[PDB]
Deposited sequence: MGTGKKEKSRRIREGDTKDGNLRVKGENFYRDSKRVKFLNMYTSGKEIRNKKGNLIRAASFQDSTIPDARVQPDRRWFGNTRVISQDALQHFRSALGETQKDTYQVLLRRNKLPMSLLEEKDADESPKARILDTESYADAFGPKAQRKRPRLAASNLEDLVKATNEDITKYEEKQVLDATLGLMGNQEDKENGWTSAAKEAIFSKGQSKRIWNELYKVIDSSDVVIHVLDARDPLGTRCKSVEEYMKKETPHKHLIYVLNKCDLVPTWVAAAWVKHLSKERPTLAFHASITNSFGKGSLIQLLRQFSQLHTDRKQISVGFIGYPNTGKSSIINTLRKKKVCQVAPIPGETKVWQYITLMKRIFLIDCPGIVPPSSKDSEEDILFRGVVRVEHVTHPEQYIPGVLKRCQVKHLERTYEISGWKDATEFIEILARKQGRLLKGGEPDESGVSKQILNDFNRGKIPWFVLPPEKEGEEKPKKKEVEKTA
């Protein structure tokens, strides 16, 4: 074994250097076990920990006439040309600027009443305002304006009375109070989850926003996209339409065409055995990899609503079960790094549900956000299923027919499936929960029509 000696190897070709590591590699790998201070038997500190010295530098600034000069200047023509060219370039989401760090990206009347007339002048013990500021031209125009305003106001009260006066006004009239919103519908909005989301975004060079094919606009998070455009514009955002196997092919094609106007969009079907769109996604990520040639590698973040298949997409890319997947929301709790290649990293993130007042509890329940078992009255959301699914699809799925409304549908399904309580009365809550779970998990086919 003379030829395997380190002296012989050095003839053929720091501390710890061998065949598998050179000095640079050894010095880099020693970082993970560094940062510890040195103590002796006497207690004296031979050396302090790295970045932990207690010495006091003499903080000084030397005088120089160059501190006061102009640091950056540009001509008018060059500034105008730069504005035009790069401002036109930015708006395209299919365009990417190379070496964006070294670019000069930072280069990119009603009168006030108060100044002439103060609050004291307008009203109070010391007021001096005695006549209207802008008096009417004459009496007839004033009466015409009053008549027009009264007509408009009466119309407005009639319009908003059909929602408020018949609603909230009568609600408190009888003393009735609507039941408080269930805490289940507020899930996905804890500060832990949003800290995870912001960490993932801050660490991601490219962010993949995952949308469900059946309901892409419903699962799309406008607030996060607006925040990324305003605050981290150098990151790239793309659309991946997951679960395209549930909808018809033409629906997916139309949705991809509609969404590609905003930003690059790929239709995807996440599966370990037989998938769709894996090669296209790999090609796009590779393209982004060559575009960021300066960086050691690029990191890719997956964000979206819960149960959109982010972990499933990562598993499809790895062709392995490297990420936990489950239909129940809240499966992924923290971010997770996956090494797709040496140049590309993937980050798994918990699903986020941006808070919106206009999103009713029924819509959130129908987007797969919440756990169905925790809903109080699952039957009350059953009619919604009836207005999102074709009758023939339900007849094929459950092998039943002849219902007039949701109550009869639930009763017939429960009797057919034998979901009977003690005494023979059907289990309405359990069957309703099963129907909601089946709607969410894709057993019942449904989709939203794409815009014309």
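- Residues of the deposited sequence lacking C-alpha coordinates fall in the stretches 1, 15-23, 119-126, 471-486, numbered from 1.
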